[PDB]
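Trainee: the data below comprise the sequence and an experimental structure of the protein.
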Amino acid sequence: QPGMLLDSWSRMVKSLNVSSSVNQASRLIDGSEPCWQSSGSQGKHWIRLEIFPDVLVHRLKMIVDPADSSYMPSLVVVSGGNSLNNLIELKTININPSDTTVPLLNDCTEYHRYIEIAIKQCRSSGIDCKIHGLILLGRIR
């Protein structure tokens, strides 16, 4: 029913992909430890979601931990589009060293089939990042 909110990940997300440590990716959903930790090139990490076409993003957030030192994300770019070849920047977020819950998207009025969370920088220029979970709430249309 249009307008009602959703919090069941599997009813909103068709697929979840990550740039590295693919075997750990499911930790982003339930938020358990040890969390997803990238194993790739500095500033090139990403998480990509495909969203079912009757779901708008009501809330999208990520959980970080200041105790992670140089694994803590510090600069994140969120993009969305109708294909992975059509991603446009939606928001650039500068994370502060003491942040824990990081808002990424809210109250989207446009449908995004693909959403990308790109970790462009980590605290103290760490190479890899740790993200302790994603929070997704959807609105049916």
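Mentor: Yep, that arrived. Residues are numbered from 1 along each chain as shown.

Trainee: contact partners for the spatially most central residue of the chain?
Mentor: The chain has residue 117 as the residue nearest its centroid, 4.4 Å off, counting by C-alpha atoms, centre = their mean. Residue 117 is in contact with 46-48, 62, 76, 78, 104, 134, counting by C-beta atoms under 8 Å, 6 or more residues apart in numbering. Every residue, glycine included, has its C-beta placed from N, CA and C.

Trainee: tell me how far it lies from residue 141.
Mentor: From residue 117 across to residue 141, the span is 22 Å (C-beta to C-beta, to the nearest Å).

Trainee: repeat for residue 39
Mentor: 37 Å.

Trainee: residue 12 too?
Mentor: Going from residue 12 to residue 141 by C-beta to C-beta gives 12 Å.

Trainee: can you report phi and psi for residue 30?
Mentor: Note on residue 30: its backbone torsions stand at phi -90, psi -10 [degrees, to the nearest 10].

Trainee: residue ranges for the helices of the protein, please.
Mentor: In the chain, the helices defined using DSSP state H lie at 9-12, 27-30.

Trainee: what comes into contact with the last one?
Mentor: Right, helix 27-30. Identification of contacts with helix 27-30 by C-beta under 8 Å, 6+ apart yields 9, 16, 18, 33-36, 47, 131, 133-134.

Trainee: so which of the residues you listed are in strands?
Mentor: Assigned to strands by DSSP state E, the following of the contacts of helix 27-30 qualify: 16, 18, 36, 47, 131, 133-134.

Trainee: surely residue 132 and residue 35 touch.
Mentor: Yes. Between residue 132 and residue 35 there is a contact under C-beta atoms under 8 Å: 4.4 Å.

Trainee: tell me which stretches of the protein form strands.
Mentor: Going by DSSP E, the chain shows strands at 5-6, 13-18, 36-37, 45-51, 55-63, 73-81, 88-94, 101-106, 114-122, 130-131, 133-140.

Trainee: just the buried residues from the ones in strands among the contacts of helix 27-30, in ChimeraX please.
Mentor: Those of these that count as buried under 16 or more other C-beta atoms under 10 Å are selected in ChimeraX with:
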select :16,18,36,47,131,133,134
